[PDB]
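Chemist: An experimental structure, sequence included, is below.
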Amino acid sequence: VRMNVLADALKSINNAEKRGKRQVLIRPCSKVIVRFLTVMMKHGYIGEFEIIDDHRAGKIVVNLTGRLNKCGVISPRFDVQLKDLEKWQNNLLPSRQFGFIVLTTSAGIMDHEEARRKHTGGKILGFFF
Amino acid sequence: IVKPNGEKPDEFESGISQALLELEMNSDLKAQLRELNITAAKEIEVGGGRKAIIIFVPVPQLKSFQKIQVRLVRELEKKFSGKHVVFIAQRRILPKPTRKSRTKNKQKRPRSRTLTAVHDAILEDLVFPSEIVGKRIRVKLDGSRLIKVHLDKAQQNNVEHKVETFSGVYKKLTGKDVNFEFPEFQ
Amino acid sequence: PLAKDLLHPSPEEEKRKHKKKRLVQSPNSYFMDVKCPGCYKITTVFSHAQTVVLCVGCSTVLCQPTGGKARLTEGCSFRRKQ
Amino acid sequence: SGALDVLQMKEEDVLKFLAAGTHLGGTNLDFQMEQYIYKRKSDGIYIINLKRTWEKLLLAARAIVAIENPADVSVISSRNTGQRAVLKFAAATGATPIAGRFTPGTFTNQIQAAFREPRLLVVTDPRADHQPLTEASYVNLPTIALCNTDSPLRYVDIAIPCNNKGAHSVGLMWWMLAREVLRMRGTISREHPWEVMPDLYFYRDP
Amino acid sequence: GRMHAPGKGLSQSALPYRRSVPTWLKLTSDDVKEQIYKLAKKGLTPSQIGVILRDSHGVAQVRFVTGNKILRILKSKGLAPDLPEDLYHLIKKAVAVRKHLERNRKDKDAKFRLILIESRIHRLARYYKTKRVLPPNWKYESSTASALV
Amino acid sequence: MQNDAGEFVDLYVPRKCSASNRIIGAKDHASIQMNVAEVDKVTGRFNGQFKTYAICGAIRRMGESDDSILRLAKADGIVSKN
RNA sequence: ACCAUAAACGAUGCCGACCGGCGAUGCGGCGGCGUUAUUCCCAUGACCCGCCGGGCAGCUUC
RNA sequence: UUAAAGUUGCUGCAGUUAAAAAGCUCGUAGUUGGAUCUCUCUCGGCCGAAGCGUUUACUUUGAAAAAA
């Protein structure tokens, strides 16, 4: 059955960005997914999206600017201390010049560079570059 | 006619309660109007020049206003100038309980008294004679959202001119950007 | 494909899909308004009705249920509501 | 034809399209060609939208006019029903015709004297001329083609939706493309009808 | 897909978006509740009442008219069954198989279907025992199976 | 691309596909660069300008280069609406 | 009555999402010119043109 | 004995034909599980003492952690 609904959405906009498509429909929406997509959009990787209100759960139609190379989830959400952040971005990120790791911290969902700036650890959701 | 919780009326409330007891004494709606009461009133500025009145009714008396609302809005607009009147229930929003709260939180808050449920029910009754047949939320490139509300086409010419006051009202008492559309078919 | 507006399909295209695969789902049924020819009463009837509906005045059948959609009797004029 | 009153399809062009049968497609429908169909009628034959045949033709004409040396456009038909229209497109335009069998290695084998280096490729049928299509994916060569309803659109870049099975339709499409490329250049004016009758391009078999 | 069957199928209801009652419907909440009350006294299950109210009354959803469910109305009034209607129909099916099976002892493909039915009863009984609908010692047994229906 | 002093330290900046923003590589021999001519809006004759579209080889092997050229030219007003 | 074992073979765990086309077939449902049979008429059956949903398969593809 | 060994694989392997997927279904533990909800009271000097706020996990801090 469908567990880890964010792993569905990140696989859908990975597989559609490879096919050169302009829009993806991901369903069901969630508030974790919307905060993940907002982090990607504010660094230029996706572009605007529209949440479609069914009364059951959402659907999101994401626009795709072809800048995304890879969008991934990390399952399970391991606890990441702030001293452990360098090993995670050594394993996951392709360069020290670009790419992001998305953490859920207690100050919100944010990328790994902002979490250092707020001096916070948390749990890892995924990564994009 | 104006029965607040803090128990002090004001100038618009007096001028609206008088206009409502006028309908209690001349029009044929006395059987409905003698049972009801309002709770607050405001006048906000929309569109740079247009004005709008926000009647506040109690939520147990909400559906009784909605049987007679279309015969109320034009007749109130005749007594005033061109000023679109809007009826909105008076709903509490109990705050989200945290790890640092008070012991007035003894029983769990009902889901109707949440912020999402109140903002999505305020959106239901201010557009009253039409229905909401669909919502889209557009998240723009600066992180800001913009709600699009598709209204019913069967009451299009009734409230087509009101949609620039509706958005200003919902920006006033909620704080959100809303556009109102009319789809050709569902 | 590969540039298809998923937000705004055409209204003859959402009508074609399965009722849960639409952008917002919606049923294929409706409430008809069946008139009995040898009577005056007007009855509300579900279009995909199960067990057979009797007009209580004339005590006659209005629609025998079928697999998909209720089959009316011969001579019952009906209109679809809203 | 960017909503310009100079370039709209006139009455006589529609009459020639209807007389030749360039609106009637085939029986099957490719999923890439679905954008140009009005509807499938009875007797299973798809009708091609002539407003979209006219605008894809006007888009191809701009792609041919945008090449300075006019001999760098090549025009290819490997079946006999379009071999005469290719040879008269190149006499009116100035392109380089290739009729009959396309030699595998014309565009890639640089040792031979058969080696050519065009800048644009116009093709009468993407199914019959499959070999000059695949060789254009080796030498960075854009490709116009006359596509029926069952045509595959791998490596075509401007897909003119006409009928290309009947002998009148092919000749009419090549004639009208020649007239459009000559009208868009400095030569013949858009006022008077063209001197060349469109029956110089038809393939009259024995 | 299905739990005990090896199939998958997309066949279900699909509620509309609009949660309001339609304007043609003239029944209020109280007379609809009166219809539910008079229909529950013929032994009709909650799933059979909503079919009657949909087919011949125009009540598309009782939740949209009354603001409440069918089973909550019959439970607040007191007209509710002792054991729930989807667990009731599973025991009734397990009785009828065991009745047929004691005549026909060679029927292997009712003996196999009995195990699938009876394991679905224990899976459904555990849920109602966690949610405290059944008293937490109620046990389905083959001896006292036939007395419960 | 740029160092901290601001020099451009790169052999060349490669082109990007106008349909799908992919980098057209050095040995991408199926990729296209195509000029579409611009006309004067009262004679319908070739002005001298054009409009350049580049499309990578994977889009052309997909069969999607026809629709991509069409919606790129439709956004520039070269192909009219409908 | 026991025994419970096989090229027990798709030599291929189970559940879930996404990712190309094409024509058939089986079942159910929804529509649609026109043929037949029940003398007409509907209503149905046999065909024909689609659409939807699960199924058994097949062809095809940088 | 460690690296080489991504040939023990958490990072990080494999199971059609190379070693390998249970005859089939049921089913306990285990593992994993769909959306959804935006701080105050008496005293002691406008703040502290008195309560915490459902309870944890998490995260950041502090102090406590022998030397070598």
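Modeler: Sure, I can see it. Residues are numbered from 1 along each chain as shown, chains lettered A, B, ... in the order given.

Chemist: so which helix or strand takes in residue 34?
Modeler: In the absence of a named chain, this looks at chain A. Assigned by DSSP states H and E, residue A:34 belongs to helix A:31-42.

Chemist: not what I meant, chain F
Modeler: Applying DSSP H and E as the criterion places residue F:34 in strand F:32-39.

Chemist: which strands and helices sit next to that strand?
Modeler: Contacts defined by 3 or more CB pairs under 8 Å, 6 or more residues apart in numbering or on different chains; DSSP states H and E place strand F:32-39 against helix D:50-65, strand F:46-55, helix F:65-75. Where C-beta positions appear, they are placed from N, C-alpha and C, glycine not excepted.

Chemist: Indicate whether the last one makes contact with RNA strand G.
Modeler: No. Contact between helix F:65-75 and RNA strand G, assessed by CB under 7 Å from any atom of the strand, is absent, since the two come no nearer than 12.9 Å.

Chemist: Tell me the buried residues in that helix?
Modeler: By 16 or more other CB atoms under 10 Å in any protein chain shown, the buried positions in helix F:65-75 come out as F:65, F:66, F:67, F:68, F:69, F:70, F:72, F:73, F:74.

Chemist: Give me the spatial nearest neighbour of residue 2, chain neighbours excluded.
Modeler: Defaulting to chain A. The shortest distance from residue A:2 to any non-neighbouring residue, by CB to CB, 6 or more residues apart in numbering or on different chains, is to residue A:8 (6.7 Å).

Chemist: wrong one, chain F
Modeler: Residue F:2's closest residue in space is residue F:8 (CB to CB, 6+ apart), at 6.2 Å.

Chemist: what about residue A:112, distance to residue A:34?
Modeler: Here the distance between residue A:112 and residue A:34 works out to 19 Å (CB to CB, to the nearest Å).

Chemist: Quick one: residues contacting residue E:140.
Modeler: For residue E:140, the contact set (CB atoms under 8 Å, 6 or more residues apart in numbering or on different chains) comprises E:91, E:118, E:121, E:122, E:125, E:148.

Chemist: from these, which two are the most distant?
Modeler: Using CB to CB, the pair of the contacts of residue E:140 lying farthest apart is E:122 and E:148, separated by 14.4 Å.

Chemist: So residue A:12 belongs to a helix, correct?
Modeler: Yes. With DSSP: H, G, I helix; E, B strand; the rest coil as the criterion, residue A:12 is assigned to a helix.

Chemist: contacting residues around it?
Modeler: Per CB under 8 Å, 6+ apart, neighbours of residue A:12: A:24, A:25, A:26.

Chemist: Distance check, it against RNA strand H.
Modeler: Counting by CB to the nearest atom of the strand, to the nearest Å, the gap from residue A:12 to RNA strand H is 14 Å.

Chemist: Also residue C:64?
Modeler: Applying CB to the nearest atom of the strand, the value for residue C:64 to RNA strand H is 37 Å.

Chemist: Next, count neighbours for the nearest residue in space to residue D:45 that is not next to it in sequence.
Modeler: Closest residue in space to residue D:45, ignoring its immediate chain neighbours: residue D:24 at 5.6 Å, by CB to CB, 6+ apart. Counted with other CB atoms under 10 Å in any protein chain shown, residues neighbouring residue D:24 total 18.

Chemist: Identify the residues contacting the closest residue to chain A within chain F.
Modeler: Distance from chain A to each residue of chain F (CB to the nearest CB) is smallest for residue F:21, at 3.1 Å. Applying CB under 8 Å, 6+ apart, we find residue F:21 in contact with A:65, A:66, A:67.

Chemist: So which of those residues is the closest to residue F:16?
Modeler: For those, the nearest to residue F:16 is residue A:66 (8.3 Å; CB to CB).

Chemist: Spatially nearest residue to that closest one (excluding sequence neighbours)?
Modeler: In this structure, residue A:66 finds its nearest non-sequential neighbour in residue F:21, 3.1 Å apart by CB to CB, 6+ apart.

Chemist: Let's verify that neighbour: helix, strand, or coil?
Modeler: When classified by three-state DSSP, residue F:21 comes out as coil.

Chemist: Okay, it and residue A:14: tell me how far apart.
Modeler: 16 Å.

Chemist: TSV for the buried residues of helix F:65-75, including distance to chain B?
Modeler: Formatted as TSV, those follow (distance: CB to the nearest CB, whole Å):
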residue	distance to chain B
F:65	29
F:66	30
F:67	26
F:68	24
F:69	28
F:70	26
F:72	22
F:73	26
F:74	23
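
Chemist: if we can go back for a sec, could you pick out the buried ones from the contacts of residue F:21?
Modeler: By neighbour count, with 16+ other CB under 10 Å, the contacts of residue F:21 hold residue A:66 as buried.

Chemist: now the contacts of residue F:21 as JSON lines including secondary structure and distance to residue D:70?
Modeler: Below are the contacts of residue F:21 laid out as JSON lines (DSSP: H, G, I helix; E, B strand; the rest coil; distance: CB to CB, whole Å):
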{"residue": "A:65", "secondary structure": "coil", "distance to residue D:70": "39"}
{"residue": "A:66", "secondary structure": "coil", "distance to residue D:70": "36"}
{"residue": "A:67", "secondary structure": "coil", "distance to residue D:70": "40"}
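
Chemist: Would you tell me which one of the contacts of residue F:21 comes nearest to chain D?
Modeler: Closest to chain D, out of all of those and judged by CB to the nearest CB, is residue A:66, at 19.2 Å.

Chemist: rewinding a little: which of the contacts of residue F:21 sits closest to residue E:109?
Modeler: Using CB to CB, residue A:66 comes nearest to residue E:109 of the contacts of residue F:21, at 56.7 Å.

Chemist: Hmm, the closest one is touching residue A:16, no?
Modeler: No. Here residue A:66 does not reach residue A:16: they are 10.7 Å apart, not a contact under CB atoms under 8 Å.

Chemist: Which residue ranges of chain D form helices?
Modeler: Assigned by DSSP state H, the helices in chain D fall at D:11-20, D:50-65, D:83-92, D:130-134, D:167-184.

Chemist: Any idea which of these gets closest to chain E?
Modeler: It is, among the helices of chain D and with distance given as CB to the nearest CB, helix D:50-65, at 35.8 Å.

Chemist: hang on, the earlier thing: more crowded one of residue A:112 and residue A:34?
Modeler: residue A:112 (23 against 18).
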